[PDB]
Amino acid sequence: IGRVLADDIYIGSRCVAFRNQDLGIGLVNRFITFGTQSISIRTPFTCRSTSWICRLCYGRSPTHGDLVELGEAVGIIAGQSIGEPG
Amino acid sequence: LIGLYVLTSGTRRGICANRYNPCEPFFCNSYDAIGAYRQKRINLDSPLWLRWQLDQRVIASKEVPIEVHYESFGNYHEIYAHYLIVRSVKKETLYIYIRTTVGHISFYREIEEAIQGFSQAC
Amino acid sequence: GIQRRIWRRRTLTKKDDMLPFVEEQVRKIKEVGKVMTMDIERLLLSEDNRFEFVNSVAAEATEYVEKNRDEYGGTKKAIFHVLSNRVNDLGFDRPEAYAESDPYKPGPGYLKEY
Amino acid sequence: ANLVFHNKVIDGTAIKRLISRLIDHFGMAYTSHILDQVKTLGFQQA
Amino acid sequence: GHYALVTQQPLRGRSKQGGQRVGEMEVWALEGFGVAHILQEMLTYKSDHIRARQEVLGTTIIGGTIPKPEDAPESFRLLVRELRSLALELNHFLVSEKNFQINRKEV
Amino acid sequence: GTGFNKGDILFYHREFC
Amino acid sequence: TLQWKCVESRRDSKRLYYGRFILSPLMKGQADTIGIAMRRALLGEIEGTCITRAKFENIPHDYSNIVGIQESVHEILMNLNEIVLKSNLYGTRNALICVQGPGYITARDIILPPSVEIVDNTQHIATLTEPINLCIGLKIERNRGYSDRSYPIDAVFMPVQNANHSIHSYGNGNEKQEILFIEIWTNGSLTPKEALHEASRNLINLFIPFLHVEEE
Amino acid sequence: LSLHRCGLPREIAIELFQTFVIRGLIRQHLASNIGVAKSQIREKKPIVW
Amino acid sequence: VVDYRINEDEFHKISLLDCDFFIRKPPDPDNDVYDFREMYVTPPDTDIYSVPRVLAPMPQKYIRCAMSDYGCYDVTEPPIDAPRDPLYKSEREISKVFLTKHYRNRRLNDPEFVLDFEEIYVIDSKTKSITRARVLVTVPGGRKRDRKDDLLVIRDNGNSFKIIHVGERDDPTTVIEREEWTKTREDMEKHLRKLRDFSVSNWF
Amino acid sequence: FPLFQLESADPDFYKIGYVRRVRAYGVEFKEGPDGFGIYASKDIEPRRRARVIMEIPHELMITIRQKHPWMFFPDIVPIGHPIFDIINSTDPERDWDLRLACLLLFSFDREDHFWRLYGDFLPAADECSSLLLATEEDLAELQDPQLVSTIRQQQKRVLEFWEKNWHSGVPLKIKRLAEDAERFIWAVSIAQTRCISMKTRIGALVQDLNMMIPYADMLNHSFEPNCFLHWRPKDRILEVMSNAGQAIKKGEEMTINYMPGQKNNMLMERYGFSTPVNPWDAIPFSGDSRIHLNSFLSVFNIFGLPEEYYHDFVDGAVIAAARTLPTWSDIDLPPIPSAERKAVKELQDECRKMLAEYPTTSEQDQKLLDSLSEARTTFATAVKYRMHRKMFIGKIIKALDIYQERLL
RNA sequence: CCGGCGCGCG
Ligand SMILES: Nc1ncnc2c1ncn2[C@@H]1O[C@H](CSCC[C@H](N)C(=O)O)[C@@H](O)[C@H]1O
Ligand SMILES: [Zn+2]
């Protein structure tokens, strides 16, 4: 949930999910309902940088629902999120 | 959390409600039920029947009616675990009565009134 | 379709089934200032970036303060005025800078105790 | 508001799930007021 | 009120009428919120910017808008001198994006 | 956050009348 | 001096009246006691008028439905329970319904005892399609809230639908002052000002007897 | 309290907002200068609140 | 499975959860007349017709019948993807359809219209079949009685059909309480059975 | 003292929208003999920015991707439906209206779809002004062989598509969508006359869509509109916004530019209507006689670049004349009046020859319209089109006369 | 207005 597809998804001759599209839970259930074996998504591992990240490779905002906004300090949030329950 | 749990904890049922094997007020609207509760006519968890004038939106088990009382004049009553539905073959009328308590009604009214008040204030 | 003018009125001709004690609640909402929270949420529905929204609001408030310094800082706040004006610019009427007072204060010197 | 009518129980898991669904449907401003009202109701019944 | 002699930061302690510390964990939270101007307030002219502390005292009494400090706080200048005592020079340079002129900031 | 991306003719010439 | 005033009034419909009232200046702790007593009096000590019993004549065979009437007997009773009345009656009186045939039966079709009025004449009772005369014998009572083949009606005597009180406190140093706010919602059979006055009178009548003395 | 409100002690509030209270005093001609306003604040006058 | 597409303008299309049931409809202003000689069952919204399975003798003459569905409500909380997605979804899962013959094929508008509860045909969605109801009559009178005073009771997932006098009608509260008492009594007996003094204990 | 001192639309029309989060601010829907329209229910005070007029949620629309592959938003077509096979066989470039018509029929057949109810307020076959419903008699009154040929080609294409895809062997779920040809023709006409194309972002996906937007197709067309459409992606809402700083009086119609820079012929081809103040209309002149562009603009107070002519008698007709009249410019060379008089006389002669080419005149066309009692909508549409062309030529003549008058 | 030591609170 919240990941951005890196490739188009097809069911037969029909496109059910396009490249550069946020993954809702309805789309995920549709993938599980049918026989979809491979899903290609954009993650922090796929971004073309280790000094910053882009909106599409990060995905949806953890708190604001929509796609993440430019200028967000996602690294500090990532560090705080893991160390907080320690 | 405890307050909400006690409020929405429903009726005592079965052997915890009747000493013997059995071989409730009807309210036009929720305001009448809460008013009766204020005047100490009913308890917080005493069962009651509430007239429903909206669509069927009560969360309940997906079960067929326990009993269908079909009259020779056409009207039939479908009795479920938590509501009663009156239907007819002559007309398109459909009456719904929900078996609930004052606590569930109070929770629903609290959330509904919060939404309506916020909408009206803006 | 022209006949003399007489014309056919368009009607629903179909059935759609989808067709009061909150006075204290609404008044309390207005008193505490939750309408401003709704307005702030509404203003951000048209902003791609919220940081840019905050920066623009701060710049507009700064311009307001520089232009008319003595009108702000008391019952009127520059940021509140900016937010009200931005809400008013959409056509939704709001009190100026969300400035409200208590009509039931029993004369000067009396301070409300929470 | 097209709210479902809960008729069984409201426990810790149910209230957490209900609030999350309210934020998605109504937003954070509406849900912030719903939380204020529900907090009073829970305190009043405890 | 009163500030430290060396760091020029507000004193510590209720008995000394000192201020509250904004530690590095508090700075992380502000960076997580993205409130870059709240952070700069508590880093320069509420703690140790001697020049900008005096102007904030004046602007707020007349209500005439607080400008950005743009200079270095006394904690950074204190660190530069200490690094100078280890035979190390630390210079802050601004490169103009217009004409690419290098500007040496006073530190 | 908020710090991202750096945050007279026609006069003295009127008709004499 | 201690004075009261109505600070808000509204009439959303004919059966929904709202009013907000004020009372100031008050001493510390007085406003809470007054509000509690007034709310209890408004909610249960005010007399209301309701239909408490219905008799179905014309031999309906005591069945669930009557031929020609769209609504069932239980539906008719539920509709009758919703009718808002006001009166000054002492004891119990009787009302009758006699509608000739097809059409809509509303509160307007009720023959009333002398002192009984009807707040809303548009309240629906039953719908008649075929021309059959319908005879219903209503029993009307006047009672407090806290108090033969004829079907009873579980009437709730609540002319005041809701009531609330709130306290505002003020002070400058050693002298304090508080203000009492009272909100009253009525079903139109009585105005919020009338409800306030009736509640005050009922409370005073409840506390008069403690000052009674007896002849020697 | 509301979800967006907090309660501040009177002493903490008067300490934190001292400059704003001085401006409010001077603006409505109730204080001659900054020193007089500070003296009024120190005396806990009823108009400071 | 048949090898032709029937015309649905002359058929009674009865839609259930698992299938759509077709019964030939003789023309009539009331549209309550059914011809059971020709029948077809299809998957929902599909024109691949098939002969339904029959578990009982079917009528040969045209009979006027009243249709009433049997099932449950599916009130679910669907996941919220888009803005303003519905908080709940309620749909009527019809699993059985009862066809009750009018007494002597009387019309609804007839002032003497009564329902014949001894003639009920049950359509099952799960099995894609149609059956006749096993009706048990308790009202005195036998074959000849006043049909205006009888009441039909359907229990056991639409399998138990019983005719009783209207006077002995059971309150909905009584039915719900009976079910609750039975289930809770069995549950309590199961819970207490694991105690080792259960055999020397009383219920009360 | 208080004591001493077009019809409203069906309330259910807005009510069905209102219960589904459709909001209209400061405007009311009105119905007339021509059709539906949106008018300001009060005086809209010009604010600093654009004002929100209406808000239509995304879930109430029927949108299809403008580019291959075809993906619908919201996805109403189930997987494996034959309607997808019918849609997917269309030509990607020119067959956009067929896909929208298929979607419209599918939605009309859907029980829970909103457009099943909203489709009852669409103009019927006898009320729609699209030329796809016009017969040969109505097309004969266009007095333009090019437009007539284009309309015949469009009708032939629509009927060929319907015949190819709605033959005998189609399943029942497809046959009931359009049992006979004119139903599909009406669907295509509605799609052509009410489709809105826009670049919308949904979530993280930005794409162009062909959209059937309820309550937004209600707005009428204008080349000087007071409203415009803005898509709000955060909550997926289409906003109708009045122009910033433009006062709107009570009862003033709400209008948007259906398509900019399109002449009356293309408007008649697509939306089935034309306007007399079209500032892009073209009259083919010989080009031998030319006037001074700068003087023509200055006399009538027409400023801005050739692509943004605007006025400070002068209307869009004068702008169209300035854009279509043969003009010469030499930076700062003034025109000598004598050649201007001869040039405008020759141009007026050409315009009068063009008017004489038409069998009838414009005033007689207006009289025929006023006396018309048993004609279809397309008949009056064609009559209005030719009359509007005649008035455009006449306005050109009058503008040339007054320009030669004010040259001294 | 500087640092060490001891005792505490969350
Ligand atoms: N300015 C205008 N003058 C005359 N007709 C117009 C017009 N703008 C749009 N139309 C017509 O309105 C249609 C667009 S849908 C607009 C509402 C429509 N009139 C109705 O009642 O449903 C087009 O087919 C076009 O023929
Ligand atoms: Zn990336």
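So that the names make sense, note that chain A is the first sequence line, chain B the second, and so on, each numbered from 1.
Residues that satisfy the ring pair (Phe, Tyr, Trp, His ring centres under 6.0 Å) test with B/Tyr5, not counting sequence neighbours, are absent from this structure. Residues that satisfy the ring pair (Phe, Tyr, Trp, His ring centres under 6.0 Å) test with B/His104, not counting sequence neighbours, are absent from this structure. Residues satisfying the ring pair (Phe, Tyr, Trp, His ring centres under 6.0 Å) test with D/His25, not counting sequence neighbours, are none.
Under the ring-ring contact (aromatic ring centres under 6.0 Å, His included) criterion, no residue pair touches residues 32-67 of chain E, with sequence neighbours excluded. Residue pairs meeting the side chain to side chain donor-acceptor pair (under 3.5 Å) criterion with at least one member in residues 11-24 of chain D, sequence neighbours excluded: D/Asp11-D/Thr13, D/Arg17-I/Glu77.
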Report, one pair per line, the protein and nucleotides 1-8 of chain K atoms (nitrogen or oxygen only) whose separation is under 3.5 Å.
unit_1: K/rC1; atom_1: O2; unit_2: E/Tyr3; atom_2: O; d: 3.1

